[PDB]
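S.K.: The file below is my_file32.cif, mmCIF, C-alpha atoms and all ligand atoms:
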data_work
#
loop_
_atom_site.label_atom_id
_atom_site.label_comp_id
_atom_site.auth_asym_id
_atom_site.auth_seq_id
_atom_site.Cartn_x
_atom_site.Cartn_y
_atom_site.Cartn_z
CA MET A 1 0.00 0.00 0.00
CA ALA A 2 0.88 3.73 -0.32
CA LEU A 3 3.95 5.62 -1.67
CA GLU A 4 7.32 5.93 0.15
CA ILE A 5 10.13 8.04 -1.47
CA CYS A 6 13.87 8.33 -0.71
CA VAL A 7 15.44 11.67 -1.73
CA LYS A 8 18.59 13.86 -1.39
CA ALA A 9 19.27 15.36 2.01
CA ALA A 10 21.37 18.58 1.86
CA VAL A 11 25.16 18.50 2.44
CA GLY A 12 25.76 19.19 6.19
CA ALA A 13 21.98 19.86 6.72
CA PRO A 14 20.27 16.38 6.74
CA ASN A 15 16.79 17.79 7.71
CA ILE A 16 16.27 19.63 4.31
CA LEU A 17 16.54 19.04 0.52
CA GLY A 18 19.73 19.86 -1.48
CA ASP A 19 21.15 19.14 -5.00
CA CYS A 20 19.42 16.31 -6.73
CA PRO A 21 17.04 17.76 -9.44
CA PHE A 22 16.19 14.09 -10.30
CA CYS A 23 14.54 13.75 -6.82
CA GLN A 24 12.70 17.04 -7.45
CA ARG A 25 10.95 15.40 -10.51
CA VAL A 26 9.33 12.78 -8.21
CA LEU A 27 8.05 15.44 -5.75
CA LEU A 28 6.71 17.41 -8.79
CA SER A 29 4.45 14.60 -10.19
CA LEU A 30 3.19 13.61 -6.68
CA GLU A 31 2.27 17.28 -5.93
CA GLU A 32 0.60 17.75 -9.38
CA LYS A 33 -1.55 14.69 -8.46
CA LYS A 34 -1.78 16.03 -4.81
CA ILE A 35 -1.54 12.27 -3.96
CA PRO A 36 -0.49 11.26 -0.36
CA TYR A 37 3.19 10.19 -0.03
CA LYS A 38 5.92 9.80 2.67
CA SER A 39 9.45 11.26 2.16
CA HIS A 40 12.80 10.02 3.56
CA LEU A 41 15.84 12.36 3.49
CA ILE A 42 18.92 10.24 2.60
CA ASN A 43 22.37 11.61 3.41
CA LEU A 44 24.59 10.53 0.47
CA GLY A 45 27.88 11.14 2.42
CA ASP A 46 26.75 8.59 5.09
CA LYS A 47 24.14 6.19 3.62
CA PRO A 48 21.92 3.93 5.83
CA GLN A 49 22.84 0.22 5.36
CA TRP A 50 19.20 -0.73 4.49
CA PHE A 51 19.20 1.91 1.69
CA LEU A 52 21.07 -0.60 -0.56
CA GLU A 53 18.05 -2.98 -0.13
CA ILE A 54 15.95 -0.23 -1.87
CA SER A 55 18.54 1.18 -4.37
CA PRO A 56 21.22 -1.34 -5.59
CA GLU A 57 23.33 1.56 -7.04
CA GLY A 58 23.04 3.40 -3.64
CA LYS A 59 21.51 6.39 -5.57
CA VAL A 60 18.54 8.74 -5.03
CA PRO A 61 15.78 9.09 -6.10
CA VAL A 62 14.35 5.69 -5.37
CA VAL A 63 10.69 4.98 -4.44
CA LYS A 64 8.43 2.21 -3.20
CA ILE A 65 5.15 1.86 -5.16
CA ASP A 66 2.92 -0.52 -3.13
CA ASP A 67 6.11 -1.27 -1.05
CA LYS A 68 7.90 -2.52 -4.30
CA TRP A 69 11.05 -0.55 -5.19
CA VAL A 70 11.69 1.52 -8.39
CA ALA A 71 14.99 3.38 -9.10
CA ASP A 72 16.08 6.03 -11.71
CA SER A 73 13.79 9.10 -11.98
CA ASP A 74 12.84 8.78 -15.71
CA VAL A 75 11.71 5.14 -14.92
CA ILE A 76 10.00 6.28 -11.65
CA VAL A 77 8.14 9.02 -13.63
CA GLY A 78 7.29 6.48 -16.39
CA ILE A 79 5.64 4.11 -13.84
CA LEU A 80 3.95 6.88 -11.72
CA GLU A 81 2.44 8.46 -14.88
CA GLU A 82 1.15 5.06 -16.17
CA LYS A 83 0.29 2.89 -13.07
CA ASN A 84 -1.25 5.07 -10.29
CA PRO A 85 -4.88 5.77 -9.02
CA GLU A 86 -5.00 9.41 -10.30
CA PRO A 87 -5.14 9.92 -14.14
CA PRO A 88 -2.05 8.74 -16.17
CA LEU A 89 0.16 11.44 -17.80
CA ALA A 90 2.88 9.29 -19.58
CA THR A 91 2.18 10.88 -23.04
CA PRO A 92 5.36 12.41 -24.64
CA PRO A 93 4.49 14.85 -27.54
CA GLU A 94 6.90 16.47 -30.13
CA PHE A 95 8.44 18.59 -27.30
CA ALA A 96 10.15 15.39 -26.00
CA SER A 97 12.38 15.35 -29.17
CA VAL A 98 14.01 18.75 -28.34
CA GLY A 99 13.54 18.25 -24.55
CA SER A 100 15.61 14.99 -24.64
CA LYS A 101 18.55 17.09 -26.04
CA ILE A 102 18.04 19.85 -23.39
CA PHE A 103 17.88 17.12 -20.67
CA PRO A 104 21.64 16.14 -20.82
CA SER A 105 22.89 19.46 -22.37
CA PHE A 106 21.72 21.46 -19.27
CA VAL A 107 23.50 18.89 -16.98
CA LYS A 108 26.63 19.44 -19.15
CA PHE A 109 26.15 23.24 -18.72
CA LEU A 110 26.65 22.62 -14.93
CA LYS A 111 29.77 20.41 -15.83
CA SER A 112 31.27 22.80 -18.45
CA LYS A 113 34.99 21.91 -18.29
CA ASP A 114 34.25 21.77 -22.01
CA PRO A 115 33.32 25.52 -22.34
CA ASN A 116 29.81 26.79 -21.49
CA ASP A 117 30.57 29.84 -23.75
CA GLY A 118 30.65 27.43 -26.76
CA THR A 119 27.86 25.12 -25.45
CA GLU A 120 25.40 28.08 -25.03
CA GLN A 121 25.52 28.72 -28.82
CA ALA A 122 23.63 25.38 -29.18
CA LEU A 123 21.43 25.87 -26.04
CA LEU A 124 19.89 29.13 -27.40
CA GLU A 125 18.79 27.23 -30.57
CA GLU A 126 17.56 24.22 -28.48
CA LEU A 127 15.46 26.69 -26.42
CA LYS A 128 14.20 28.47 -29.64
CA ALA A 129 13.16 25.13 -31.23
CA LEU A 130 11.14 24.27 -28.07
CA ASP A 131 9.84 27.85 -27.37
CA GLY A 132 8.71 28.55 -30.99
CA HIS A 133 6.09 25.75 -30.69
CA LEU A 134 5.44 26.16 -26.89
CA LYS A 135 4.24 29.78 -27.54
CA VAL A 136 1.38 28.20 -29.59
CA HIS A 137 0.27 26.00 -26.61
CA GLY A 138 0.87 28.55 -23.77
CA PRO A 139 1.59 27.27 -20.21
CA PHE A 140 3.96 24.22 -19.80
CA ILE A 141 7.14 22.66 -21.33
CA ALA A 142 5.13 19.62 -22.59
CA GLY A 143 2.31 21.90 -24.06
CA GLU A 144 -1.23 22.68 -22.73
CA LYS A 145 -0.59 20.68 -19.48
CA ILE A 146 2.23 19.05 -17.48
CA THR A 147 3.40 15.69 -18.97
CA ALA A 148 6.79 13.92 -19.36
CA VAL A 149 8.78 16.95 -20.79
CA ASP A 150 8.07 19.15 -17.69
CA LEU A 151 8.88 16.09 -15.52
CA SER A 152 12.17 15.75 -17.51
CA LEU A 153 13.22 19.46 -17.31
CA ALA A 154 11.31 21.75 -14.83
CA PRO A 155 13.54 21.21 -11.70
CA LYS A 156 16.70 21.31 -13.92
CA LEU A 157 15.77 24.85 -15.14
CA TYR A 158 15.39 26.11 -11.53
CA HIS A 159 18.66 24.30 -10.66
CA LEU A 160 20.37 26.17 -13.58
CA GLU A 161 18.85 29.54 -12.43
CA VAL A 162 20.28 28.96 -8.89
CA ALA A 163 23.59 27.09 -9.46
CA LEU A 164 24.72 28.74 -12.75
CA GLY A 165 23.59 32.08 -11.16
CA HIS A 166 26.48 31.61 -8.65
CA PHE A 167 29.19 32.18 -11.38
CA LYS A 168 27.53 32.96 -14.80
CA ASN A 169 23.95 34.31 -14.37
CA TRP A 170 22.95 33.46 -17.99
CA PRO A 171 19.92 35.58 -19.14
CA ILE A 172 16.91 34.14 -21.02
CA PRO A 173 15.86 36.91 -23.54
CA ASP A 174 12.13 37.83 -24.02
CA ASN A 175 12.33 36.29 -27.55
CA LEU A 176 12.18 32.96 -25.59
CA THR A 177 8.78 34.26 -24.44
CA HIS A 178 7.51 30.90 -23.07
CA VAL A 179 10.85 30.00 -21.32
CA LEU A 180 11.28 33.42 -19.58
CA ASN A 181 7.68 33.25 -18.20
CA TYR A 182 7.72 29.46 -17.46
CA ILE A 183 10.69 30.00 -15.06
CA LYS A 184 8.38 32.44 -13.12
CA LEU A 185 5.78 29.58 -12.93
CA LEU A 186 8.37 27.39 -11.04
CA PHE A 187 7.68 29.74 -8.05
CA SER A 188 3.94 28.65 -8.30
CA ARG A 189 1.49 25.65 -8.11
CA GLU A 190 1.72 22.72 -5.69
CA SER A 191 3.79 20.89 -8.37
CA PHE A 192 6.72 23.33 -8.70
CA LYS A 193 6.68 25.58 -5.57
CA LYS A 194 6.59 22.79 -2.89
CA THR A 195 9.68 21.17 -4.50
CA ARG A 196 11.92 24.32 -4.28
CA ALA A 197 15.24 23.47 -2.53
CA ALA A 198 17.16 25.89 -0.24
CA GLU A 199 19.36 27.81 -2.71
CA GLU A 200 22.70 27.86 -0.80
CA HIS A 201 22.13 24.09 -0.28
CA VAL A 202 21.78 23.66 -4.08
CA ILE A 203 25.08 25.58 -4.70
CA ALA A 204 26.99 23.77 -1.87
CA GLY A 205 25.55 20.47 -3.25
CA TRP A 206 26.59 21.27 -6.87
CA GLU A 207 30.26 22.48 -6.41
CA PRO A 208 31.89 18.98 -6.06
CA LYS A 209 29.44 17.78 -8.81
CA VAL A 210 31.18 20.14 -11.28
CA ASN A 211 33.83 17.37 -10.87
CA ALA A 212 31.87 14.18 -9.87
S1 LIG B 1 21.30 13.40 -8.06
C1 LIG B 1 22.52 12.46 -7.08
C2 LIG B 1 22.75 11.05 -7.63
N1 LIG B 1 21.59 10.59 -8.43
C3 LIG B 1 21.47 10.70 -9.76
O1 LIG B 1 22.31 11.29 -10.41
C4 LIG B 1 20.27 10.02 -10.34
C5 LIG B 1 20.33 9.82 -11.88
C6 LIG B 1 19.13 8.99 -12.37
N2 LIG B 1 19.20 8.56 -13.84
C7 LIG B 1 17.82 9.67 -11.99
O2 LIG B 1 17.27 9.34 -10.97
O3 LIG B 1 17.31 10.41 -12.81
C8 LIG B 1 23.05 10.09 -6.49
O4 LIG B 1 22.17 9.49 -5.90
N3 LIG B 1 24.33 10.02 -6.11
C9 LIG B 1 24.84 9.19 -4.99
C10 LIG B 1 25.88 9.88 -4.12
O5 LIG B 1 26.48 9.18 -3.33
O6 LIG B 1 25.94 11.09 -4.16
#
Spell out the structure here as structure tokens.

M.R.:
Amino acid sequence: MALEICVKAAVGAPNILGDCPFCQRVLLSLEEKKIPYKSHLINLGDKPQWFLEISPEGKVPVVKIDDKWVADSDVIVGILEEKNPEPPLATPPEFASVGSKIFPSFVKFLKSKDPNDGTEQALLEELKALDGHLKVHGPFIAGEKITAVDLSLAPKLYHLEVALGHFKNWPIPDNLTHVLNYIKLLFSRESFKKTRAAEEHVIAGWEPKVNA
């Protein structure tokens, strides 16, 4: 019965969330559904021994759906948006084609040993290719409503705004007229606003993950 979820505790502050935007996806779909769940803050620097019985890689996120474990957040989202008591949302439209390039390229932006100044010249055209069709639909990165492309990207855009803001506060121009207003929606709803990490505890989670 029920839903139990294991998620990133902050570095040094085990009672709050820190850097794992992949955990923030799982909170986002549960809070869009408003469905009852139970959350377990895992310290990744000192992992509970029983946590390997839930996640064989020792990673977060991992969940229990009806007490049965599921790891990796794109698989966890795939099962939650297909096999749950609230309506299923596992429908990827055309926005998943560009969004699946943005998905790793915005993690590589936060790991830009390979220059971000050269990478950004592709990211502006990735954002234009998404935004040019999203401005026909209006509100969300999957179109008229939240589906898999918001669940793939929404916490990663807020994580870029915070963690890239610490050294290269990269502006979204008003020509990206969906993207620049969609970032303001991350401070709203149950689905985005409840999932917002403490912003120092994103930055102090992300620094060693420029390397690791
Ligand atoms: S976010 C911190 C690490 N998790 C992941 O990177 C999850 C990637 C998956 N494909 C996903 O769920 O989407 C993590 O748990 N690191 C362990 C550590 O010891 O820090």

S.K.: Give me, as a list in words, the set of residues whose atoms come within 9 Å of any atom of ligand LIG 1 (chain B), counting all atoms listed in the file.

M.R.: residues 7, 8, 19, 20, 21, 22, 23, 25, 43, 44, 45, 46, 47, 57, 58, 59, 60, 61, 62, 71, 72, 73, 74, 75, 76, 152, 209 and 212 of chain A

S.K.: If you count only C-alpha atoms, which residues fall within 8 Å of residue 128 in chain A, apart from same-chain ones fewer than 4 positions away, as a PyMOL selection string?

M.R.: chain A and resi 124+132+176

S.K.: For residue 117 in chain A, which of A:170, A:37, A:208, A:184 is the closest residue, counting all atoms listed in the file?

M.R.: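 Looking at the shortest contact to residue 117 in chain A, the residue is A:170.
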
S.K.: Between A:142, A:179, A:6, A:163, single out the one closest to residue 202 in chain A, counting all atoms listed in the file.

M.R.: A:163

S.K.: CA of residue 150 in chain A and CA of residue 196 in chain A, how far apart in Å?

M.R.: 14.9 Å

S.K.: With all atoms listed in the file as the counted atoms, please give the residues lying no more than 10 Å from range 154-162 of chain A, apart from itself and same-chain residues fewer than 5 positions off, as a PDB file with C-alpha atoms, in the coordinates of the input.

M.R.:
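Saved to part-v7.pdb:
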ATOM      1  CA  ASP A  19      21.150  19.140  -5.000  1.00  0.00           C
ATOM      2  CA  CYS A  20      19.420  16.310  -6.730  1.00  0.00           C
ATOM      3  CA  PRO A  21      17.040  17.760  -9.440  1.00  0.00           C
ATOM      4  CA  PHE A  22      16.190  14.090 -10.300  1.00  0.00           C
ATOM      5  CA  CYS A  23      14.540  13.750  -6.820  1.00  0.00           C
ATOM      6  CA  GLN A  24      12.700  17.040  -7.450  1.00  0.00           C
ATOM      7  CA  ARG A  25      10.950  15.400 -10.510  1.00  0.00           C
ATOM      8  CA  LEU A  27       8.050  15.440  -5.750  1.00  0.00           C
ATOM      9  CA  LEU A  28       6.710  17.410  -8.790  1.00  0.00           C
ATOM     10  CA  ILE A 102      18.040  19.850 -23.390  1.00  0.00           C
ATOM     11  CA  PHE A 103      17.880  17.120 -20.670  1.00  0.00           C
ATOM     12  CA  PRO A 104      21.640  16.140 -20.820  1.00  0.00           C
ATOM     13  CA  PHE A 106      21.720  21.460 -19.270  1.00  0.00           C
ATOM     14  CA  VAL A 107      23.500  18.890 -16.980  1.00  0.00           C
ATOM     15  CA  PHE A 109      26.150  23.240 -18.720  1.00  0.00           C
ATOM     16  CA  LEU A 110      26.650  22.620 -14.930  1.00  0.00           C
ATOM     17  CA  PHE A 140       3.960  24.220 -19.800  1.00  0.00           C
ATOM     18  CA  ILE A 141       7.140  22.660 -21.330  1.00  0.00           C
ATOM     19  CA  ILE A 146       2.230  19.050 -17.480  1.00  0.00           C
ATOM     20  CA  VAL A 149       8.780  16.950 -20.790  1.00  0.00           C
ATOM     21  CA  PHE A 167      29.190  32.180 -11.380  1.00  0.00           C
ATOM     22  CA  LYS A 168      27.530  32.960 -14.800  1.00  0.00           C
ATOM     23  CA  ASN A 169      23.950  34.310 -14.370  1.00  0.00           C
ATOM     24  CA  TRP A 170      22.950  33.460 -17.990  1.00  0.00           C
ATOM     25  CA  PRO A 171      19.920  35.580 -19.140  1.00  0.00           C
ATOM     26  CA  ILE A 172      16.910  34.140 -21.020  1.00  0.00           C
ATOM     27  CA  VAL A 179      10.850  30.000 -21.320  1.00  0.00           C
ATOM     28  CA  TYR A 182       7.720  29.460 -17.460  1.00  0.00           C
ATOM     29  CA  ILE A 183      10.690  30.000 -15.060  1.00  0.00           C
ATOM     30  CA  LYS A 184       8.380  32.440 -13.120  1.00  0.00           C
ATOM     31  CA  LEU A 185       5.780  29.580 -12.930  1.00  0.00           C
ATOM     32  CA  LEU A 186       8.370  27.390 -11.040  1.00  0.00           C
ATOM     33  CA  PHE A 187       7.680  29.740  -8.050  1.00  0.00           C
ATOM     34  CA  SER A 191       3.790  20.890  -8.370  1.00  0.00           C
ATOM     35  CA  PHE A 192       6.720  23.330  -8.700  1.00  0.00           C
ATOM     36  CA  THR A 195       9.680  21.170  -4.500  1.00  0.00           C
ATOM     37  CA  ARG A 196      11.920  24.320  -4.280  1.00  0.00           C
ATOM     38  CA  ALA A 197      15.240  23.470  -2.530  1.00  0.00           C
ATOM     39  CA  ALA A 198      17.160  25.890  -0.240  1.00  0.00           C
ATOM     40  CA  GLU A 199      19.360  27.810  -2.710  1.00  0.00           C
ATOM     41  CA  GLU A 200      22.700  27.860  -0.800  1.00  0.00           C
ATOM     42  CA  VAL A 202      21.780  23.660  -4.080  1.00  0.00           C
ATOM     43  CA  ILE A 203      25.080  25.580  -4.700  1.00  0.00           C
ATOM     44  CA  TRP A 206      26.590  21.270  -6.870  1.00  0.00           C
TER      45      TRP A 206
END

S.K.: Smallest atom-to-atom distance to residue 81 in chain A: which of A:190, A:144, A:32, A:207, using only C-alpha atoms?

M.R.: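 Result for the nearest residue to residue 81 in chain A: A:32.
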
S.K.: So what do you get for CA of residue 53 in chain A versus CA of residue 40 in chain A, distance-wise?

M.R.: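 Between CA of residue 53 in chain A and CA of residue 40 in chain A the gap is 14.5 Å.
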
S.K.: With all atoms listed in the file as the atoms that count, which of A:26, A:194, A:41, A:112 lies nearest to residue 77 in chain A?

M.R.: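 Among the listed residues, the smallest separation from residue 77 in chain A belongs to A:26.
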
S.K.: Contacts of residue 2 in chain A at 10 Å or less, counting all atoms listed in the file, minus same-chain residues fewer than 2 places along, as a VMD selection string?

M.R.: chain A and resid 4 35 to 38 64 to 67

S.K.: What does the structure give for the distance between CA of residue 89 in chain A and CA of residue 30 in chain A, in Å to one decimal?

M.R.: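 About the pair CA of residue 89 in chain A and CA of residue 30 in chain A: they are 11.7 Å apart.
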
S.K.: Enclose range 68-74 of chain A, meaning all of its atoms listed in the file, in a box aligned along x, y and z, pad it by 3 Å on each side, and list the centre and edge lengths in Å to one decimal, as AutoDock Vina command-line options.

M.R.:
--center_x 12.0 --center_y 3.3 --center_z -10.0 --size_x 14.2 --size_y 17.6 --size_z 17.4
